[PDB]
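Here is the structure we will look at.
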Amino acid sequence: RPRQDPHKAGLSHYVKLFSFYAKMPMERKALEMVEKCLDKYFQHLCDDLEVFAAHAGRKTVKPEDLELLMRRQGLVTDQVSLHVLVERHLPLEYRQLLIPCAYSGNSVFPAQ
Amino acid sequence: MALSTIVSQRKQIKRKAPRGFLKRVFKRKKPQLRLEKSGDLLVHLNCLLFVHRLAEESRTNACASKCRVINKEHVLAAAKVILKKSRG
Amino acid sequence: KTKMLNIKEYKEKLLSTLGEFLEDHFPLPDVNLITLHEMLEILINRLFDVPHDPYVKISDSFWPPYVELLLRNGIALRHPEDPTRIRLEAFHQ
Amino acid sequence: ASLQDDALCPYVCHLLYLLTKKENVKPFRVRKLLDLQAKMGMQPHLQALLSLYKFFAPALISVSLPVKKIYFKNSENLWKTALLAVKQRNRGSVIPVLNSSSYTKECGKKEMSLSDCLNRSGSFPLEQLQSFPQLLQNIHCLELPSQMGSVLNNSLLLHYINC
Amino acid sequence: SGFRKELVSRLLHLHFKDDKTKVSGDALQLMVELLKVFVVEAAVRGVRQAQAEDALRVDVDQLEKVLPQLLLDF
Amino acid sequence: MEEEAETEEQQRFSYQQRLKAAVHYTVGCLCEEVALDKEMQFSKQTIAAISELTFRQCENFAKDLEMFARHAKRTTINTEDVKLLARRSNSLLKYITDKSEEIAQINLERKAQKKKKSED
Amino acid sequence: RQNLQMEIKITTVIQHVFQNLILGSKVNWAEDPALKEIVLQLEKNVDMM
Amino acid sequence: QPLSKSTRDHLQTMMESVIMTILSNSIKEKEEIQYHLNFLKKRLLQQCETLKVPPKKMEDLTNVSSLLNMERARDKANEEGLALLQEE
């Protein structure tokens, strides 16, 4: 008779992925405070997205706002673009929606 | 294996992202906004690189103290450096 | 020679059909941009002429949507360290 | 190519298990499978496919697998009940293990032999020999085991070493 | 006791990627104390570390310990 | 050409030390202004260490303002762009925006004086 | 013989490049009989020829 | 024999430091003064490289002071210990 908090369902995905990268046995008490770290990151992440959108004069959040954030984070540099990072870390089905490629009569999707 | 300590995951779960979860969490915190249809995926990418950073820093602290099991004081120390670095 | 005659005959038919296919499904795109067929010839030659170093530097002639097409299907690979340079996959090994 | 998409990966692995022959294993396809293993880890359906690739080309891959559990889940397919109707219609170690000849044969070779270049004759692979009529045709040319003590409990090879 | 207005503008124009970039006077004015706060803040941190170490004077070694934390904060 | 280029490189190199000397002159004054109330003495190497640290920090500031301005399609940097850079520290953000408000008040006072001149 | 070593390698590369282009173009090759028989020949080895 | 590379390393470094200090306090006449100082510096580097000295071993100039202080501390401790032993 299981009952699961929907909020904990989302965090459980990244918590398991954490144990894959660690490559060390990890104590149970370390698990839940990583969950504590994640929600703090999400809260502060959303706050930053407000200002960058607000500065541009549009309330809607567009991808180039996310590019601007990651450049300040140091993830995106002159050599490593946004397209390069998607290729390395995301599956094929997610790649089609994000990165545009021309095919079948020079048709490009998404339009860029 | 004891309940208290969890062994490293040999096989990663399917790389499918929880798109529904990201939309609601972004919705409740800032209801007034609307996010573009593909913006959820990029947020998922941003979260991966954060967790990847957190795992590397925690491992170094555990090895520095000559500990074979990652402990809570190791990861909290990792959190302080990464969280400030993660904000830009 | 007979083995050579069949092999050379087969290659000419293969190459001729490939050229027709590119013209019908990937016309010339609408600094000048070279066509996809011209891009393929550059990568293939560099693989054979310089076996040790087949990397080619990306230029403004390669307009990115074509570059993504080759990279996605597995025909081309980025350099592991410098993402500016791409090579061709060594199919024959 | 469907191995790229995660949704179809377990099922395509099962299909590729049956179709695989010696000509299909090529070095560039070998690199693709290793790359997929880094991203997803120790997937059971990939471990089965990699072992089949090692058997055909031991000079390219080296895998040691722990011990035999069923790698592909034998879930009851939707047509299993119907197959019963179709089947009714159709109805109505001290000794070494057997392994192909040691792969140090050829090994460092400057170029292919002239006989091989002309596609002349060859030898009969050990894995194909599984029935007496197959032995009858190819008795004169055969591939011997890596270790000769494995002939002891194989009846078809005893007929060869009889004469 | 503060950076010159001309001095700050010289540093910024040195590192601009595009020459089309210009700095407004009020913004250039506000940049002046921003650098001053950075210099002042660095000195205070060194004093805090020295007092904890109880050193008679601030040295290079105490400065390096608090150096990386300041950059993350800024 | 090559001899000219190295001189321009030397001129670029020489232009650095003039900025370095001016920065070091300013930093040294501030360090002494920190000494008296903290009653603590600073080693001469420490002021040199701060001078290098402050010089390398201007590079990060210079690029961000250009990057922020390009985001808003503005070729000229304004006060709003600078406020973005200070958000990493909440305490510093509150302090810096107060001076911006103070500068705005002074600018309003300057505008009021200009109106008085027009009336006269 | 050295000519054999080079013509075989070139033909192998063209075979696999042409195969992936057809896949990525997202076209129905089976509909066209002329293109259909080319597809079947791509996998076959040139050594057996 | 020529003296060690360390001597020129240290003297070069201290001359850039002192040149920076003297240019800090000067206002006008920048280019000519810095060109003359650089010429003098490079010519002194050439002269000291050409110079000949009997062989010897020298420790780095930066750390002489602290090591000297610990040497005095050891001096005092060993002196008092020897005096006490002799008295006994």
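A note on labels: chains of the structure tokens are A, B, ... as shown, every chain counts residues from 1, and ligands are counted from 1 in their shown order.
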Residues of chain B within 6 Å of chain A, counting only C-alpha atoms, what are they? List them as an mmCIF file with N, CA and C atoms, in the first residue's frame.
data_model
loop_
_atom_site.group_PDB
_atom_site.id
_atom_site.type_symbol
_atom_site.label_atom_id
_atom_site.label_comp_id
_atom_site.auth_asym_id
_atom_site.auth_seq_id
_atom_site.Cartn_x
_atom_site.Cartn_y
_atom_site.Cartn_z
ATOM 1 N N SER B 4 21.219 1.305 5.768
ATOM 2 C CA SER B 4 21.902 2.611 5.974
ATOM 3 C C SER B 4 22.832 2.989 4.812
ATOM 4 N N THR B 5 23.592 2.042 4.254
ATOM 5 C CA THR B 5 24.540 2.391 3.157
ATOM 6 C C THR B 5 24.065 1.818 1.819
ATOM 7 N N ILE B 6 24.001 2.658 0.783
ATOM 8 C CA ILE B 6 23.553 2.219 -0.571
ATOM 9 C C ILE B 6 24.781 2.114 -1.479
ATOM 10 N N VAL B 7 24.943 0.977 -2.164
ATOM 11 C CA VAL B 7 26.103 0.746 -3.077
ATOM 12 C C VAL B 7 25.939 1.585 -4.352
ATOM 13 N N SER B 8 27.046 1.886 -5.035
ATOM 14 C CA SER B 8 26.993 2.706 -6.273
ATOM 15 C C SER B 8 26.150 1.977 -7.320
ATOM 16 N N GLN B 9 25.321 2.718 -8.057
ATOM 17 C CA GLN B 9 24.450 2.119 -9.103
ATOM 18 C C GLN B 9 25.302 1.664 -10.291
ATOM 19 N N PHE B 21 7.331 16.858 -14.088
ATOM 20 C CA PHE B 21 7.731 17.373 -12.783
ATOM 21 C C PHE B 21 8.326 18.771 -12.888
ATOM 22 N N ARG B 34 4.915 32.240 -18.310
ATOM 23 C CA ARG B 34 4.691 31.113 -19.205
ATOM 24 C C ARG B 34 6.026 30.709 -19.815
ATOM 25 N N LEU B 35 6.297 29.409 -19.835
ATOM 26 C CA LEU B 35 7.545 28.868 -20.353
ATOM 27 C C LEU B 35 7.315 28.256 -21.730
ATOM 28 N N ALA B 55 28.683 15.576 -7.581
ATOM 29 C CA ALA B 55 29.250 14.251 -7.355
ATOM 30 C C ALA B 55 30.773 14.286 -7.354
ATOM 31 N N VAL B 69 33.454 5.637 2.252
ATOM 32 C CA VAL B 69 32.017 5.851 2.120
ATOM 33 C C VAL B 69 31.748 7.346 2.194
ATOM 34 N N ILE B 70 31.035 7.872 1.195
ATOM 35 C CA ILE B 70 30.699 9.289 1.196
ATOM 36 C C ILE B 70 29.768 9.591 2.361
ATOM 37 N N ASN B 71 30.139 10.582 3.163
ATOM 38 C CA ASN B 71 29.410 10.920 4.376
ATOM 39 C C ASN B 71 28.726 12.277 4.228
ATOM 40 N N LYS B 72 27.855 12.587 5.193
ATOM 41 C CA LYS B 72 27.050 13.802 5.098
ATOM 42 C C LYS B 72 27.894 15.065 5.226
ATOM 43 N N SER B 86 27.086 27.760 -8.867
ATOM 44 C CA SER B 86 26.004 27.439 -9.795
ATOM 45 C C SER B 86 25.133 28.655 -10.091
ATOM 46 N N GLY B 88 24.672 32.490 -11.227
ATOM 47 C CA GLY B 88 25.386 33.459 -12.049
ATOM 48 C C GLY B 88 24.499 34.596 -12.510
#
Set the distance at 12 Å and use only C-alpha atoms: which residues neighbour segment 10-17 of chain E once local chain neighbours fewer than 6 positions away are removed? I'd like the list as a VMD selection string. (chain E and resid 3 to 4 23 27 to 28 31 to 32 35) or (chain F and resid 12 to 13 15 to 20 22 to 23 54 to 67 69 to 70 75 to 77)
Identify all residues of chain A in strand (DSSP E) (DSSP on the backbone) and supply them as a ChimeraX atom specification. /A:26-27,101-103,107-109
At a cut-off of 12 Å, list the chain A residues touching chain C, using only C-alpha atoms, as a PyMOL selection string. chain A and resi 77-88+91-93+95-96+98-112
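Within 12 Å of chain F, chain H contributes the residues residues 14, 16, 17, 18, 19, 20, 21, 22, 23, 24, 25, 26, 27, 28, 29, 30, 31, 32, 33, 34, 35, 38 and 62 of chain H, using only C-alpha atoms.
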How about saving the chosen residues, C-alpha atoms kept, as a compact mmCIF listing (two decimals), in the first residue's frame?
# COMPACT_ATOMS: atom_id res chain seq x y z
CA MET H 14 63.46 42.29 -7.73
CA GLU H 16 60.89 44.56 -12.03
CA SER H 17 59.51 45.13 -8.53
CA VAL H 18 61.71 48.16 -7.86
CA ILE H 19 61.08 49.57 -11.36
CA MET H 20 57.35 49.25 -10.71
CA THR H 21 57.79 51.04 -7.38
CA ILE H 22 59.77 53.93 -8.89
CA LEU H 23 57.32 54.30 -11.80
CA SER H 24 54.49 54.32 -9.26
CA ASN H 25 55.73 57.59 -7.76
CA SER H 26 56.58 59.28 -11.09
CA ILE H 27 53.92 61.27 -12.97
CA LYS H 28 55.30 62.61 -16.26
CA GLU H 29 57.85 61.37 -18.80
CA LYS H 30 56.72 57.74 -18.93
CA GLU H 31 57.83 56.25 -22.24
CA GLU H 32 61.41 57.54 -22.28
CA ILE H 33 62.06 56.68 -18.63
CA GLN H 34 60.68 53.16 -18.99
CA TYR H 35 62.62 52.56 -22.22
CA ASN H 38 64.41 48.52 -19.61
CA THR H 62 62.85 34.99 -0.16
Residue 33 of chain E: which residues within 9 Å, counting only C-alpha atoms, same-chain residues fewer than 5 positions away excluded, as a list in words?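 Near residue 33 of chain E, the qualifying residues are residues 2, 3 and 38 of chain E; 96 of chain F.
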Expected file contents, prior selection, N, CA and C atoms, as a JSON list (two decimals), in the first residue's frame:
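Final file, out_4.json:
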[["chain", "number", "residue", "atom", "x", "y", "z"],
["E", 2, "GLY", "N", 40.35, 57.47, -3.73],
["E", 2, "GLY", "CA", 39.55, 56.65, -4.62],
["E", 2, "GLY", "C", 40.14, 56.64, -6.01],
["E", 3, "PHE", "N", 39.65, 55.69, -6.81],
["E", 3, "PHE", "CA", 40.11, 55.57, -8.19],
["E", 3, "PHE", "C", 39.66, 56.77, -9.01],
["E", 38, "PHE", "N", 35.69, 46.36, -3.54],
["E", 38, "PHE", "CA", 36.40, 45.10, -3.73],
["E", 38, "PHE", "C", 37.77, 45.14, -3.04],
["F", 96, "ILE", "N", 25.12, 48.52, -2.80],
["F", 96, "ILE", "CA", 25.45, 49.17, -4.06],
["F", 96, "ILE", "C", 24.25, 49.93, -4.62]]
Considering only C-alpha atoms, return as a PyMOL selection string whatever protein or nucleic-acid residues lie within 12 Å of segment 34-43 of chain G, sequence-local ones (same chain, fewer than 6 positions apart) excluded. (chain C and resi 10-11+13-18+20-21) or (chain D and resi 23-26) or (chain G and resi 11-23+27-28+49)
Excluding same-chain residues fewer than 3 positions from residue 59 of chain E, what lies within 12 Å of it counting only C-alpha atoms, as a PyMOL selection string? (chain E and resi 43+46-47+49-51+53-56+62-65) or (chain F and resi 40-50)
When you look at segment 32-41 of chain D with a cut-off of 8 Å (counting only C-alpha atoms), what residues show up, excluding the ones that are within fewer than 6 positions of it in the same chain? I need them as a count of residues only. 7
Using DSSP secondary structure from the backbone, list all alpha helix (DSSP H) positions within chain C, as a PyMOL selection string. chain C and resi 2-25+36-49+64-73
Just need the residues of chain D within 12 Å of chain G, counting only C-alpha atoms, so spit them out as a short mmCIF file (atom, residue, chain, number, x, y, z; two decimals) with N, CA, C and O atoms, in the first residue's frame.
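Saved result, selection-v9.cif, follows:
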data_model
loop_
_atom_site.label_atom_id
_atom_site.label_comp_id
_atom_site.auth_asym_id
_atom_site.auth_seq_id
_atom_site.Cartn_x
_atom_site.Cartn_y
_atom_site.Cartn_z
N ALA D 1 20.88 1.11 -36.40
CA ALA D 1 20.77 2.54 -36.12
C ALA D 1 19.72 2.82 -35.05
O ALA D 1 19.76 3.86 -34.39
N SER D 2 18.77 1.91 -34.87
CA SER D 2 17.73 2.12 -33.87
C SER D 2 18.26 1.98 -32.45
O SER D 2 17.54 2.30 -31.50
N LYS D 22 29.07 -13.61 -39.11
CA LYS D 22 30.46 -13.16 -39.10
C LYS D 22 30.65 -11.91 -39.95
O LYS D 22 31.45 -11.03 -39.59
N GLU D 23 29.94 -11.81 -41.07
CA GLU D 23 30.13 -10.66 -41.95
C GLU D 23 29.61 -9.38 -41.31
O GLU D 23 30.07 -8.28 -41.63
N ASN D 24 28.64 -9.50 -40.40
CA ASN D 24 27.99 -8.32 -39.84
C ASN D 24 28.90 -7.60 -38.85
O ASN D 24 28.87 -6.37 -38.74
N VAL D 25 29.73 -8.35 -38.11
CA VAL D 25 30.63 -7.73 -37.15
C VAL D 25 31.75 -7.01 -37.89
O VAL D 25 32.55 -7.63 -38.59
N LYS D 26 31.81 -5.69 -37.72
CA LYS D 26 32.83 -4.86 -38.34
C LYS D 26 33.41 -3.93 -37.28
O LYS D 26 32.73 -3.60 -36.30
N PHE D 28 34.04 -0.74 -36.98
CA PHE D 28 33.40 0.54 -36.66
C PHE D 28 32.11 0.33 -35.88
O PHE D 28 31.75 1.16 -35.04
N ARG D 29 31.41 -0.77 -36.14
CA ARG D 29 30.23 -1.10 -35.35
C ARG D 29 30.62 -1.52 -33.94
O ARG D 29 29.84 -1.38 -33.00
N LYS D 110 51.50 -9.58 -43.00
CA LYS D 110 51.78 -8.44 -43.87
C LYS D 110 50.64 -8.21 -44.85
O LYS D 110 50.20 -7.07 -45.05
N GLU D 111 50.13 -9.27 -45.47
CA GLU D 111 49.06 -9.15 -46.44
C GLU D 111 48.34 -10.49 -46.55
O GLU D 111 48.84 -11.52 -46.09
N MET D 112 47.16 -10.46 -47.15
CA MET D 112 46.37 -11.67 -47.34
C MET D 112 47.06 -12.61 -48.31
O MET D 112 47.78 -12.19 -49.22
N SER D 113 46.86 -13.91 -48.10
CA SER D 113 47.46 -14.92 -48.95
C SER D 113 46.87 -14.87 -50.36
O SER D 113 45.74 -14.40 -50.57
N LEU D 114 47.65 -15.35 -51.33
CA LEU D 114 47.18 -15.38 -52.71
C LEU D 114 45.96 -16.28 -52.85
O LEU D 114 45.02 -15.96 -53.58
N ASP D 116 43.74 -16.92 -50.52
CA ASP D 116 42.62 -16.17 -49.96
C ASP D 116 42.20 -15.04 -50.89
O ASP D 116 41.01 -14.73 -51.00
N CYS D 117 43.17 -14.41 -51.56
CA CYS D 117 42.84 -13.34 -52.50
C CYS D 117 42.00 -13.86 -53.66
O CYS D 117 41.12 -13.14 -54.16
N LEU D 118 42.24 -15.09 -54.09
CA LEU D 118 41.46 -15.71 -55.15
C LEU D 118 40.23 -16.44 -54.63
O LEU D 118 39.49 -17.03 -55.42
N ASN D 119 40.00 -16.41 -53.31
CA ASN D 119 38.85 -17.06 -52.68
C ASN D 119 38.85 -18.57 -52.98
O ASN D 119 37.89 -19.12 -53.52
N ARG D 120 39.94 -19.23 -52.61
CA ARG D 120 40.12 -20.64 -52.89
C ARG D 120 39.91 -21.46 -51.62
O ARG D 120 40.68 -21.33 -50.66
#
Got a sec: who's within 12 Å of residue 100 of chain D, counting only C-alpha atoms, leaving out chain neighbours fewer than 6 positions off, as a VMD selection string? chain D and resid 55 to 58 123 to 129 142 to 148 150
For the residues in the current selection, export C-alpha atoms as a PDB file, in the first residue's frame.
ATOM      1  CA  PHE D  55      32.834 -14.712 -30.098  1.00  0.00           C
ATOM      2  CA  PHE D  56      32.947 -13.744 -33.778  1.00  0.00           C
ATOM      3  CA  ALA D  57      35.902 -11.323 -33.451  1.00  0.00           C
ATOM      4  CA  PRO D  58      37.963 -12.151 -30.344  1.00  0.00           C
ATOM      5  CA  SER D 123      38.078 -24.456 -43.694  1.00  0.00           C
ATOM      6  CA  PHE D 124      34.843 -25.425 -41.974  1.00  0.00           C
ATOM      7  CA  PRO D 125      34.117 -23.420 -38.797  1.00  0.00           C
ATOM      8  CA  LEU D 126      33.722 -25.511 -35.664  1.00  0.00           C
ATOM      9  CA  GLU D 127      30.471 -23.877 -34.541  1.00  0.00           C
ATOM     10  CA  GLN D 128      28.648 -24.844 -37.740  1.00  0.00           C
ATOM     11  CA  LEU D 129      29.382 -28.565 -37.301  1.00  0.00           C
ATOM     12  CA  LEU D 142      37.916 -29.357 -40.560  1.00  0.00           C
ATOM     13  CA  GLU D 143      38.947 -26.895 -37.863  1.00  0.00           C
ATOM     14  CA  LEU D 144      40.490 -28.522 -34.808  1.00  0.00           C
ATOM     15  CA  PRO D 145      39.792 -27.326 -31.251  1.00  0.00           C
ATOM     16  CA  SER D 146      42.136 -25.072 -29.329  1.00  0.00           C
ATOM     17  CA  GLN D 147      42.607 -27.829 -26.738  1.00  0.00           C
ATOM     18  CA  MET D 148      42.568 -31.381 -28.050  1.00  0.00           C
ATOM     19  CA  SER D 150      37.746 -31.616 -25.767  1.00  0.00           C
TER      20      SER D 150
END
